[PDB]
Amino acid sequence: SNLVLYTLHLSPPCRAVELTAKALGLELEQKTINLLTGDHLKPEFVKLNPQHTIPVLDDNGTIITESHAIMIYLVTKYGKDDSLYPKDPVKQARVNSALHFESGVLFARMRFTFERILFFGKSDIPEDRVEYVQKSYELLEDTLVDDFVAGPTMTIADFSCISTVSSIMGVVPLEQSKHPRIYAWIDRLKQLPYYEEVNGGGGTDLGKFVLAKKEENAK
């Protein structure tokens, strides 16, 4: 059977996989898991992922969870070149470091900001969580010593970072005066023909969704 991705386009790590699929020329059949209606908490999905998160990949019965693991798996198995995820231990390590930076810092602090508005119905953002996001921006800025997060070549680490950054920057302002490297890096990824369709809209929408929910939770 087909390669299936259990996903939601609003979700940043889901968009990270979609970008990877596009960059690989892979065809992923998408099946929508509506987080908002609690589809991910249903027993049929929990069976696939006990952590009940998306994205989840179904590769002919073989279940793979977590976006970064999925991306690594996809490049390893279906990549016809290792540009997106090098075989060389040193270069691969630099990608892995950036990938874990994304999950450990960028994404984690993004959801530490979003879920209080999204899940707990609050209409504010505590400044300590704001600053934590701001510092993640700074850390990302410092990491971009080359054209891309994991070096001079675009890798899956860029897909993971841009999917999160394009979502959180719509809620916590990412100043161009303080983070010019990030904006230049965003502009490189925007030159990807499939960027806007896959991530552009989704990221802007999630960011707008949070802001919309924030205002709505205030009425």
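One-based numbering along the sequence shown.
In this entry, 128-136 has the higher mean Cα B-factor, the comparison being between 128-136 and 90-98.
Legend: mean Cα B-factor per stretch from the PDB entry, 207-215 versus 8-16; the higher mean is in 207-215.
Among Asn49, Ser67, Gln176, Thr153, the highest C-alpha B-factor in the deposited entry belongs to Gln176. The PDB entry assigns the greatest CA B-factor among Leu106, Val149, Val75, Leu118 to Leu118. Sort the chain's modelled residues by C-alpha temperature factor and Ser163 lands in the lowest third, per the entry. Annotation for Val56: C-alpha temperature factor in the lowest third relative to the rest of the modelled chain, per the entry. Per the PDB record, residue ranking by Cα B-factor puts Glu141 in the lowest third of the chain. Split the chain's modelled residues into thirds by C-alpha temperature factor. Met169 is in the middle one.
Per-chain ranking of the deposited C-alpha B factor places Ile33 in the middle third.
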